[PDB]
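1. When you get a sec, could you give me coordinates for this:
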Amino acid sequence: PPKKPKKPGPXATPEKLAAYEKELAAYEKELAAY
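-> Residues are numbered from 1 along each chain as shown. The structure is reproduced below:
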């Protein structure tokens, strides 16, 4: 099963949130594929 991204903690910058969104999107894509 595709890796489950870890939720950003305190000090999570917009870029970390964006990257998290892309990783989560990727997880959703790969999950649908799987």
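2. For the chain, just list every one of the helices.
-> 14-33 (DSSP state H).
3. And for residue 18, the neighbour number?
-> Neighbourhood size, residue 18 [other C-beta atoms under 10 Å]: 10. Every residue, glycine included, has its C-beta placed from N, CA and C.
4. quick one: the residue lying closest to residue 1 once chain neighbours are set aside from residue 10, how far?
-> The shortest distance from residue 1 to any non-neighbouring residue, by C-beta to C-beta, 6 or more residues apart in numbering, is to residue 34 (6.6 Å). Taking C-beta to C-beta, to the nearest Å as the measure, residue 34 and residue 10 are separated by 32 Å.
5. Kindly report the same for residue 18.
-> For residue 18, the distance to residue 10 equals 17 Å [C-beta to C-beta].
6. Equivalent analysis for residue 2, please.
-> Using C-beta to C-beta, residue 2 is found at 26 Å from residue 10.
7. Next, the contact list for residue 28, please.
-> Not one residue lies near residue 28 by C-beta atoms under 8 Å, 6 or more residues apart in numbering.
8. Count the residues that sit near residue 15.
-> When neighbours are defined as other C-beta under 10 Å, residue 15 has 8 of them.
9. where's it relative to residue 24, distance?
-> From residue 15 over to residue 24 the distance is 14 Å, taken as C-beta to C-beta.
10. cool, residue 6 as well?
-> Per C-beta to C-beta, residue 6 is found 11 Å from residue 24.
11. Pick out whichever of these two has more residues nearby.
-> Legend: neighbour count by other C-beta under 10 Å for residue 6 and residue 24, higher for residue 24 (13 against 8).
12. just checking, that one touches residue 5?
-> Yes. Using C-beta atoms under 8 Å as the test, residue 24 is close enough to residue 5 to be in contact (5.6 Å).
13. Burial check on the residue nearest to residue 27 when sequence neighbours are not counted, number of neighbours?
-> Using C-beta to C-beta, 6+ apart and skipping residues adjacent in sequence, the residue nearest residue 27 is residue 2, 5.5 Å away. If you count neighbours by other C-beta under 10 Å, residue 2 ends up with 13.
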